[PDB]
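This block holds the first chain(s) of the complex, placed as they are in the complex; more will follow:
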Amino acid sequence: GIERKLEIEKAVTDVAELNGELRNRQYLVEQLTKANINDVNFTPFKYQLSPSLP
Amino acid sequence: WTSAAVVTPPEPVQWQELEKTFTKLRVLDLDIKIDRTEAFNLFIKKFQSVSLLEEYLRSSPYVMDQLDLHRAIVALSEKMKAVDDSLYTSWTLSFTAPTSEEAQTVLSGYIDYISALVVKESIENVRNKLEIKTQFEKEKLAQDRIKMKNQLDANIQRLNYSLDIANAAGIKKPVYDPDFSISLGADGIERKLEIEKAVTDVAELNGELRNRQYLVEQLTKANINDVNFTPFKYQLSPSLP
């Protein structure tokens, strides 16, 4: 068994293939890269009185 | 010719309606309140808004009867006052006009107008909080499902190698290793593997996921519909002087 385990491990190209946590960190980076904050409009105050005409 | 009202934060019995609605949402894992004192303070704040007063007078058919107009509105709006009055919080709201009956009708009318505005915004908040909960739980579920899929994919690869090692070690039948479990034996491992490759929906074997989906559906179905309430309690309703 050790012999075959060894040659399996030697053949591993991508540490992510056996590691779920790594695959998911990749997913996170992909989703973070795709995300946009696009122009949200808002007003940084509330009028108690809008500019008066005297 | 001055009408006055004394006003105090609302009592729990006036919140019963809202409390039923908060309970529907509490069950759905959304903990939401409209604080009785904050609602009151919001009412006071809006009452004190000159712009809101003006919009009220202009829209009031009553006031309209009795473009020099603008100066008139401005002069009327100067006669709405609110003052802080101790065992419990209370404010005196007053309006002064020529007729006594005019004073009372305007004050009462304005109070109702402001009151309707606070209930409108207040329920709008609850609705918005619901909208955010729904959006979040939905997007998180979609994400957790992809995360789960990725773990299954990785488990499949590991099970594949488990097969090879079991075979190499000549373990066909279940036995009577930290990285590639072998105990099940090649015969079992082979069927386990094909079962797992066949999995099409990560939620079929995972109760948690099925439940999170139920929660999303229930959140989507939920409504906050127009609850009526008063953001204050009258100690004195607008007087007829």
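Arrived safely. Numbering: from 1, shown residues only, chains lettered A, B, ... in the order given.

alpha carbons only for contacts and neighbour counts from here, please
Will do.

For residue A:18, grab the count of nearby residues.
20 (other CA atoms under 10 Å in any protein chain shown).

Is it in contact with residue B:161, as I believe?
No. The pair residue A:18 and residue B:161 fails to qualify as a contact (CA atoms under 8 Å) at a distance of 9.9 Å.

what's the overlap in contacts for the two?
Between them, residue A:18 and residue B:161 share no contacting residue under CA atoms under 8 Å, 6 or more residues apart in numbering or on different chains.

Contact distance from chain B - what residues of chain A qualify?
For chain A, the contact set with chain B under CA under 8 Å from any CA of the partner chain comprises A:1-2, A:4-5, A:8, A:17-21, A:23-24, A:47-50.

Filter those down to the buried ones.
A:4-5, A:17-20, A:23-24 (16 or more other CA atoms under 10 Å in any protein chain shown).

from these, which ones fall inside helices?
A:4-5, A:20, A:23-24 (DSSP state H).

contacting residues around stretch A:12-26?
B:147, B:150-155, B:157-158.

Now the terminal residues of stretch A:11-31, how far apart.
30 Å (CA to CA, to the nearest Å).

go on, stretch A:35-47?
End residues of stretch A:35-47 are separated by 33 Å (CA to CA).

Give me the residues contacting that stretch.
Contacts of stretch A:35-47 (CA under 8 Å, 6+ apart): B:49, B:51.

okay, now chain C:
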Amino acid sequence: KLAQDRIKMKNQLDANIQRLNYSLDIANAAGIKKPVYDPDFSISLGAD
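To build on what is shown above, here is chain C added in:
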């Protein structure tokens, strides 16, 4: 909450059932008919 817990419970059971189905297939594949004397699909009880 009771109503809800019921449905949550049902969902749990349905998922358990699917797991047990697969347990049966793996039990059979590994030739375990009688109780033996696996973290995902328990087979110790045997196919019978």
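
Which residue, neighbours along the chain excluded, lies closest to residue A:49?
In this structure, residue A:49 finds its nearest non-sequential neighbour in residue B:51, 4.8 Å apart by CA to CA, 6 or more residues apart in numbering or on different chains.

Backbone torsions only: list them for residue A:16.
phi -70, psi -20 (degrees, to the nearest 10).

Could you check how far it is from chain C?
Separation of residue A:16 from chain C (CA to the nearest CA, to the nearest Å) stands at 22 Å.

count of neighbours near that residue?
15.

Repeat that for residue A:25.
Neighbour count for residue A:25, taken as other CA under 10 Å: 13.

can you check the one 10 residues further on too?
Each residue near residue A:35 was counted by other CA under 10 Å, and the total is 8.

go on, residue A:15?
Neighbour tally, residue A:15, other CA under 10 Å: 11.

try residue A:3
10.

got it, and residue A:36?
Based on other CA under 10 Å, the number of other residues close to residue A:36 is 7.

and stretch A:38-51, how far from the chain's centre?
31 Å (CA atoms, centre = their mean, to the nearest Å).

Likewise for stretch A:8-25?
19 Å.

Show me what residue of chain A gets nearest to chain C.
Per CA to the nearest CA, residue A:20 is where chain A lies closest to chain C, at 16.4 Å.

what about residue A:40, distance to chain B?
In terms of CA to the nearest CA, residue A:40 sits 16 Å off from chain B.

Also, this goes in as chain D:
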Amino acid sequence: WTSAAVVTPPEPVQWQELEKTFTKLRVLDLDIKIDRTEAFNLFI
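Take a look at chain D, now in place beside the chains above:
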């Protein structure tokens, strides 16, 4: 010939669009706020 405005920190209802955006980000493990009072203080 003097115009005046009275101005107060914004209320939650005006933040809803922002809070949709902060939620997309919250899911992606980024906890972000624009504090209503701080926004106001920056305006002033």
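
now that chain D has been added, could you go back to the neighbour count of residue A:35?
Quick note: residue A:35 (other CA under 10 Å) scores 11 neighbours.

repeat for the one 5 residues further on
When neighbours are defined as other CA under 10 Å, residue A:40 has 10 of them.

Please apply the same query to residue A:54.
Residue A:54: 10 neighbours (other CA under 10 Å).

Contact partners for it?
Contact analysis of residue A:54 by CA under 8 Å, 6+ apart lists D:1-3.

Mind doing that once more with 10 Å?
Contacts for residue A:54 (CA atoms under 10 Å, 6 or more residues apart in numbering or on different chains) come out as B:70-71, B:74, D:1-4.

One more: residue A:2?
Per CA under 10 Å, 6+ apart, neighbours of residue A:2: A:8, B:165, B:168-169.

What residues does chain A have near chain D?
Neighbours of chain D within chain A, by CA under 10 Å from any CA of the partner chain: A:28-29, A:31-32, A:35-54.

One more pass at 8 Å, please.
So far as CA under 8 Å from any CA goes, chain A lies against chain D at A:28, A:31-32, A:37, A:40-54.

about what we covered before: between the contacts of residue A:2, which is closest to chain D?
Among the contacts of residue A:2, and counting by CA to the nearest CA, the member closest to chain D is residue A:8, at 34.5 Å.

This completes my enquiry, with thanks.
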